[PDB]
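Chemist: The structure that follows is given in the form of structure tokens.
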Amino acid sequence: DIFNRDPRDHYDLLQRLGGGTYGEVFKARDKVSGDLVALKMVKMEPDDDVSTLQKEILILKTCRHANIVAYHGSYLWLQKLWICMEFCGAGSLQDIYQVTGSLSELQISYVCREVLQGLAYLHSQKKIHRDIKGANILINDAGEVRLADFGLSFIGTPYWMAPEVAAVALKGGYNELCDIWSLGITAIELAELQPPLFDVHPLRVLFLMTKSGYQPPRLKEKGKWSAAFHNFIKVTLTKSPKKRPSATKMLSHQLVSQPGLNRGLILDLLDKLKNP
Ligand SMILES: OC[C@]1(F)CN=C(Nc2cc(F)c(Oc3ccnc4[nH]cc(C(F)(F)F)c34)c(F)c2)OC1
């Protein structure tokens, strides 16, 4: 459901957060709640069809889980769409680790369980995130973890595309289990400050993956991590999606099911951020 009103009534905008990849996102206080919200402002061109986004907004609203950024309500007004969202004060894990350096085996483990909690719920709703990485895992001042979900014309013009071709332009080859893979890369990203093959051209990384011989990547330093963290990487990055375990199966992995995993590990992290 979309509300048709100036949202500058309801909310005072307190600080501009957004930059390159996030675009325009504002920290804002709710005039009624007195509560803190993130307002993501979307720019809309005349020939941008509104009715097509209303289909992508349902998905955001009926996504109700602690481990997913809560949707509050969209606002169309003056050729702009403002999406109101749970605020996460520490921004993304990427913002964090670029200052704090590498995350610890136990820090990464709690992040891997909270994410799986969110993916396991998404999947149960037959939804697929498509973009698990550091930049899309957000952190609140409590040190709790929240998956940011978001929601091309030069893939071709569709008018001539045959239907099977059009089926892929919307769906990609994406599968619920492709989100699991991305977590494995993300875990390495948290460990190493960059995903495998960051120093390699993207096209080449795409070719290399589609070679028959392609080898799932690994943690650089053997001794630095437990057998558990090693096995978590091995299993999440299984090549064949037919054999890659689901998010519930992964929640019963020893790396994420161990005790002592909780938000303190991150509060540590958020302290490390204040006091270098
Ligand atoms: O281009 C990258 C930079 F220049 C360097 N760092 C950032 N950090 C950054 C900036 C933002 F605006 C972010 O968005 C939020 C911030 C707080 N609470 C949020 N709740 C939901 C969101 C989101 F809109 F879904 F993302 C959100 C964010 F998560 C991180 O972006 C600038």
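By convention in this document, the chains of the structure tokens carry letters A, B, ... by their order, each chain's residues are numbered from 1, and ligands are numbered from 1 in the order they are shown.
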Counting only C-alpha atoms, what is within 12 Å of residue A:56, bar same-chain residues fewer than 5 positions away, as a list in words?
Modeler: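 The filter keeps residues 1, 2, 50, 51, 61, 62, 63, 74, 127, 149, 150 and 151 of chain A.
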Chemist: Could those selected residues go to a file with C-alpha atoms, as an mmCIF file, in the first residue's frame?
Modeler:
data_model
loop_
_atom_site.group_PDB
_atom_site.id
_atom_site.type_symbol
_atom_site.label_atom_id
_atom_site.label_comp_id
_atom_site.auth_asym_id
_atom_site.auth_seq_id
_atom_site.Cartn_x
_atom_site.Cartn_y
_atom_site.Cartn_z
ATOM 1 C CA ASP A 1 0.000 0.000 0.000
ATOM 2 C CA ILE A 2 1.370 3.489 -1.140
ATOM 3 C CA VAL A 50 4.422 3.614 -11.526
ATOM 4 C CA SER A 51 2.019 0.597 -11.776
ATOM 5 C CA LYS A 61 5.555 -4.792 2.845
ATOM 6 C CA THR A 62 4.697 -8.504 3.478
ATOM 7 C CA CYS A 63 8.437 -9.101 4.418
ATOM 8 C CA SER A 74 5.949 4.265 0.554
ATOM 9 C CA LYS A 127 11.641 -14.788 -2.488
ATOM 10 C CA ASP A 149 16.379 -5.551 0.211
ATOM 11 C CA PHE A 150 16.050 -2.939 -2.635
ATOM 12 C CA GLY A 151 13.025 -2.560 -5.060
#
Chemist: Using only C-alpha atoms, which residues sit within 9 Å of residue A:65 once same-chain residues fewer than 6 positions away are excluded, as JSON, numbers by chain?
Modeler: {"A": [117, 118, 121, 122]}
Chemist: So that I can check the secondary structure, give me every residue of stretch 90-271 of chain A assigned alpha helix (DSSP H) by backbone DSSP, as a PyMOL selection string.
Modeler: chain A and resi 93-100+105-124+163-171+178-192+202-209+227-236+247-251+254-257+264-271
Chemist: Would you list, as a ChimeraX atom specification, the residues of stretch 1-205 of chain A that end up in strand (DSSP E or B) under DSSP run on this structure's backbone?
Modeler: /A:2-4,11-16,25-30,36-43,68,71-76,80-86,92,137-139,145-147,154,156
Chemist: As a ChimeraX atom specification, please: every protein or nucleic acid residue near ligand 1 (cut-off 10 Å, counting only C-alpha atoms and all ligand atoms).
Modeler: /A:15-28,36-41,68-71,83-96,98,135-140,146-151
Chemist: Tell me which protein, DNA and RNA residues are within 9 Å of residue A:32, counting only C-alpha atoms, leaving out same-chain ones fewer than 3 positions away, and put them as a ChimeraX atom specification.
Modeler: /A:10-11,29,35
Chemist: Rank A:123, A:128, A:144, A:232 by their smallest atom-to-atom distance to residue A:171, using only C-alpha atoms, and report the top residue only.
Modeler: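 That would be A:128, the residue with the smallest distance to residue A:171.
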Chemist: If you count only C-alpha atoms, which residues fall within 12 Å of residue A:175, apart from same-chain ones fewer than 4 positions away, as a list in words?
Modeler: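 Near neighbours after the sequence-gap exclusion: residues 123, 126, 127, 128, 129, 130, 168, 171, 179, 180, 181, 182, 240, 241, 242, 244 and 246 of chain A.
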Chemist: Under the rule that only C-alpha atoms are counted, which of A:80, A:263, A:64, A:230 is the nearest residue to residue A:125?
Modeler: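 Comparing A:80, A:263, A:64, A:230 against residue A:125, the winner is A:64.
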Chemist: Between A:275, A:257, A:102, A:238, which has the minimum distance to residue A:218 (counting only C-alpha atoms)?
Modeler: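 Among the listed residues, the smallest separation from residue A:218 belongs to A:238.
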Chemist: Out of A:219, A:276, A:261, A:42, which residue has the shortest atom-to-atom distance to residue A:194 when counting only C-alpha atoms?
Modeler: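 The closest residue to residue A:194 is A:219.
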Chemist: Compare A:200, A:177, A:103, A:187 by their minimum atom-to-atom distance to residue A:239, counting only C-alpha atoms, and give me the closest one.
Modeler: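 Closest to residue A:239 of all the choices is A:177.
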Chemist: Report, in Å to a single decimal, how far apart atom CA of residue A:222 and atom CA of residue A:191 are.
Modeler: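 Between atom CA of residue A:191 and atom CA of residue A:222 the gap is 12.1 Å.
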Chemist: For residue A:220, list every protein, DNA or RNA residue within 12 Å, evaluated using only C-alpha atoms, and leave out those in the same chain fewer than 4 positions away; present the list as a list in words.
Modeler: residues 188, 189, 191, 192, 193, 194, 195, 196, 197, 224, 225, 230 and 233 of chain A
Chemist: What's the separation between atom CA of residue A:55 and atom CA of residue A:178, in Å to one decimal place?
Modeler: 23.0 Å
